[PDB]
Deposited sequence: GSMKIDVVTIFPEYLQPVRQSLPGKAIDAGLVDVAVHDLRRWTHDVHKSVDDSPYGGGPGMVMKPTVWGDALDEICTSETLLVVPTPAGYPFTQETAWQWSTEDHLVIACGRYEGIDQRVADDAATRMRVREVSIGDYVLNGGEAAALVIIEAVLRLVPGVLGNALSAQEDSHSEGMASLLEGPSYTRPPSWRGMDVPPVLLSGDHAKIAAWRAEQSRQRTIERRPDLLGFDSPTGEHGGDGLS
């Protein structure tokens, strides 16, 4: 039984969480996902969440005051606070497995050029905080990364249930003049196992040589 809170200035973007696996997990009561509009914790009439950076630079930085009030209300000392950021530690399969046993995840979605560093620093005095990157590309905000993290974690939760997988096939055995590899039709478990292992090897060498300790 897991609780996930997501905090964002675009709560509408997190609605895909209601589809597929995450939606099913919600419907089965294995997780509760709540999405919160950060602007709820603002007090000015313009509901400002960002300001220009100290020391200069392009863009805006999200204000610590608003985030601090939001996290005060949402988090407890048991919370794992997840902050997606291109400058984060890598989020990997190992991370997904680790977080799959947490009682409470809170995901802070940043926009503009990021969140004032003191938000994470202050939070870390009261709870565990993890700044993570889902990959080596830049997004406009943390919302898509939140969806990725939720999907990668939820499919591992006990309630629901290296090298690259090789090609897979299904019916019909011949299509547009392309045949399923005969060994897959042969019913020989030993030979199928070996062919699949080999396929996995070739694909990994080709597409992800780093997984086998080779130069990219």
Fill in the blank from the handout: The answer, as deposited-sequence ranges with no C-alpha, is 1, 163-178, 234-244
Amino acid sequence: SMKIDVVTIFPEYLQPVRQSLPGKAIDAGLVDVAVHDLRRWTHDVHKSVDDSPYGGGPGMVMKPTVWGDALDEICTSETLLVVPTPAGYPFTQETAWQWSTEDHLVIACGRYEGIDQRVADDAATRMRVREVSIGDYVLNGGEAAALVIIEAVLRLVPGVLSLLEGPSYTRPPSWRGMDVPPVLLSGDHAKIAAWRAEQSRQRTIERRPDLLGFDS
From here on, numbers count along this sequence of modelled residues.
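In this text, the rigid core denotes the largest set of C-alpha atoms whose superposition between the two forms falls within 1.5 Å.
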Practice task
Between 122-130 and 108-116, report the one with more C-alpha displacement in 9 other deposited structures of this protein relative to this form after a rigid core superposition.
Solution key: 108-116
Problem - RMS Cα shift after core superposition in 9 other deposited structures of this protein, winner of 54-62 and 151-159 - result: 151-159
Practice task
Say whether residue 27, which has coordinates in the shown structure, is without coordinates in a third or more of the other compared entries.
Solution key: yes
Fill in the blank from the handout: Going by the entry, of stretches 40-48 and 66-74 the one with greater average Cα B-factor is 40-48
Fill in the blank from the handout: Mean B factor on CA atoms, stretches 182-190 and 168-176, record says higher is 182-190
Problem - Peak C-alpha temperature factor (PDB record), options 35, 157, 163, 148 - result: 163
Practice task
Ordered by C-alpha B-factor within the chain, which third holds residue 59? Give me lowest, middle or highest, please.
Solution key: highest
Exercise for the section: Would you mind ranking residue 25 by its C-alpha B-factor against the rest of the chain and naming the third, lowest, middle or highest? Expected result: highest
Handout entry: Relative C-alpha B-factor of residue 113, binned into the chain's lowest, middle or highest third
Key = highest
Exercise for the section: Using the B-factor values recorded in the entry, state whether the Cα atom of residue 14 falls in the lowest, middle or highest third among the modelled residues of its chain. Expected result: middle
Fill in the blank from the handout: residue 201: C-alpha B-factor third of its chain, per the entry, is the highest
